[PDB]
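Coming up is one lone chain in structure tokens, specifically the form deposited in one PDB entry.
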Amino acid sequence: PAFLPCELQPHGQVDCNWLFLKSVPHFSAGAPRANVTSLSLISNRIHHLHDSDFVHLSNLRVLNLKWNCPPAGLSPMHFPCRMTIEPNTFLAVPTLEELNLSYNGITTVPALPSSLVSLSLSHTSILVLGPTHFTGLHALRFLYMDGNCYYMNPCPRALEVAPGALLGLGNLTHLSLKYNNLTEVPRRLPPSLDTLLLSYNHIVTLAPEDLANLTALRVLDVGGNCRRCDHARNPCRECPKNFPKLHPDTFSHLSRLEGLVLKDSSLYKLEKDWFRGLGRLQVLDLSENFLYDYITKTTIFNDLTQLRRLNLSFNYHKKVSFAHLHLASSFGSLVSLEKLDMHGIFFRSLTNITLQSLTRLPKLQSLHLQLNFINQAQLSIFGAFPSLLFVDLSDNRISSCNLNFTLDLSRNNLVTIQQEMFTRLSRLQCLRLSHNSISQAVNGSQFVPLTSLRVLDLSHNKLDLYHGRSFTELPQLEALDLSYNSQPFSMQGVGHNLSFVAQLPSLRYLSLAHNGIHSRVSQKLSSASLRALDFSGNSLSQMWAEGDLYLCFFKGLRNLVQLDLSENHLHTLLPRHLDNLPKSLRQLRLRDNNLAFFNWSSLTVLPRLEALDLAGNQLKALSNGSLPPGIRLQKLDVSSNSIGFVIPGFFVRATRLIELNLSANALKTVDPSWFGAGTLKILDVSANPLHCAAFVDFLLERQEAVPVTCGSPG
């Protein structure tokens, strides 16, 4: 093991993260020190760097020293920490390209090699920058220095950057200076910049001289300099009235601009000239402003025709929600628009008029309308749009499947579904109706127009499933989530019909998780098409106490590949039950039951079983027969049990075993005799009271597989 206590990985990277080290490990001389190209020392306890820490690292290109010595405000305990660096610490490494010194209490910029390409000094204690700090860094392309004077990392004044301090850096393209209490753009920046992030300072005034000779700018973030603290979740200083102040020419010379962020700048309107001169503008973030009235009447969206993404979120009135909301005619052009975000504006009624302008935009794929407090939604409207893939109407008060037409209505106040809500939505493939108030008796009459519907999420509701023909109007339905509808199912003395599963010809995924199903339920679940059933969070235990009434509950699911029986209060698991389970099963999850014993031999009953998960049960040991012969098991999880010992040879027969999780048990050793091993690719043996005086050799033979604390003896 060449680099203890650190870990050798591919791409010449050495991981020393989270080892609570007090200094940089020099490593023994015999190591291949020239081979290391990357060294990560994240979140250690290193408060002092030395000339000799990285000197022998001959091909070091990436170095990460993040979170070693956080300033008092960023320290979880608020411990002050001052990181000292010897003069030639990094000069000693003339190959160094990527240096991250963020979340470290250093007070000035150290001497750096001229090879450095990227430097992060974010959340450090550096309050001053001059030209001398960046002498001869001709390769430096990225400079991060966010968060050096703000509420979480305070300074009595602000970050000071002298005029032309970075002007000598001719290769610099990326510059971030957020949360530094600035009151103006630092003067004379390198014209090479393409990204400039000055957000969350207090640059409350702006002219073209502030962005002077920065003609290569591609992205410009200036938001949060003039904030609306009514919407703030963190410390916030309100923007004075009669601010902010810009003037038309500010951005006119930025012809290469593609992204402009003006969020949280207390804007009641925009000024055309700002944009007239930005012909390349793709993404515009106007969120958290006061543009509620502006967007109803504005004509500025004409000749913003190259715009692709537009964020208008939280442009809400302080005290009210609007009755209606009509978008200006100018939104119709906007022919390049792909994503429109209008969440958090607050309007109660969504109609045909509301989104009239947007109806003909040929590329509009995403419309975000959540958190608007909408009571009434005319959903047929969405059938009119040519390119719509995602409509989010979640968190309102209305009353695979990435990359197909999806409508998210979750977190609304729907009580009954009527089929007339889905007029014009025959194209819809995925519908989320999660977290509603739906108490309807679903009887095959709710979703009739939704003929393309492939996914229906109805979790977190009160659906009463007594009719045998529930969801029968969706024979093309592939996935149905009926978890967290426990209120109907937990009714005592009331029956529950699950026969409808048999009536859904193309259903592949079903969830009945967390329903508390425990008695008076259908005796058999039948389906030829179902591949995965989540039956977690039920009381299969109590069902299997009721004689043999429920012995063949899953048997009728003929082609079932995955079954989840986690959290079913199972104190025991007979060969009986396993034998009457579909023989097609490749994955069986049994997490967090109450199993103190497990007949391993009876696994033979499931010849196809590749994945078994017994985590969180109460196994005291691995014994009572080994893993049986012929077993196809590639993944086994027995973590968080009380496993105190393992019978010799216990795993051996698992010829396929790839991943084994033994963590959080009561093991005092790890013996090879348990396996026959080399094959094994993941061996998790963490959180075990390991005694430390058989494994030291064995564990180091198979170190590539092992991703490991002693409990003994001090």
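All residue numbers refer to positions in the sequence shown, first residue = 1. If you superpose the two forms and keep the largest set of C-alpha atoms that fall within 1.5 Å, you have the rigid core.
According to the PDB entry, the deposited sequence runs on from residue 1 to residue 2 with no residue lacking coordinates between them.
Coordinates are lacking for 1 to 3 deposited residues between residue 693 and residue 694. Note on 533 to 541 vs 187 to 195: mean CA B-factor is higher in 187 to 195. On average the C-alpha atoms of 76 to 84 have higher B-factors than those of the other stretch, with 76 to 84 and 508 to 516 being the two compared. Taking the PDB entry at face value, the top CA B factor among 311, 387, 523, 252 belongs to 252. Looking only at 35, 44, 64, 661, the residue with the top Cα B factor in the deposited structure is 35. Compared with the other modelled residues of the chain, the Cα B-factor recorded for residue 555 ranks in the middle third.
When all modelled residues of the chain are sorted by CA temperature factor, residue 414 is found within the middle third. Among the modelled residues of the chain, residue 69 sits in the lowest third by CA temperature factor in this PDB entry. Split the chain's modelled residues into thirds by C-alpha temperature factor. Residue 547 is in the middle one. When the modelled residues of the chain are ordered by C-alpha B-factor, residue 235 sits in the middle third.
Omitted here: the form deposited in another entry. The next part is about that form.
Annotation: the position in 64, 37, 43, 669 displaced by at least 2 Å at CA between the shown form and the other one, with the core superposed, corresponds to 669.
After superposing the rigid core, the C-alpha of residue 235 moves by less than 2 Å between the shown form and the other one. Residue 454 is not among the residues whose C-alpha shifts by 2 Å or more between the shown form and the other one once the rigid core is aligned; its shift stays under 2 Å. Core-superposed comparison between the shown form and the other one: the CA of residue 156 stays below a 2 Å shift.
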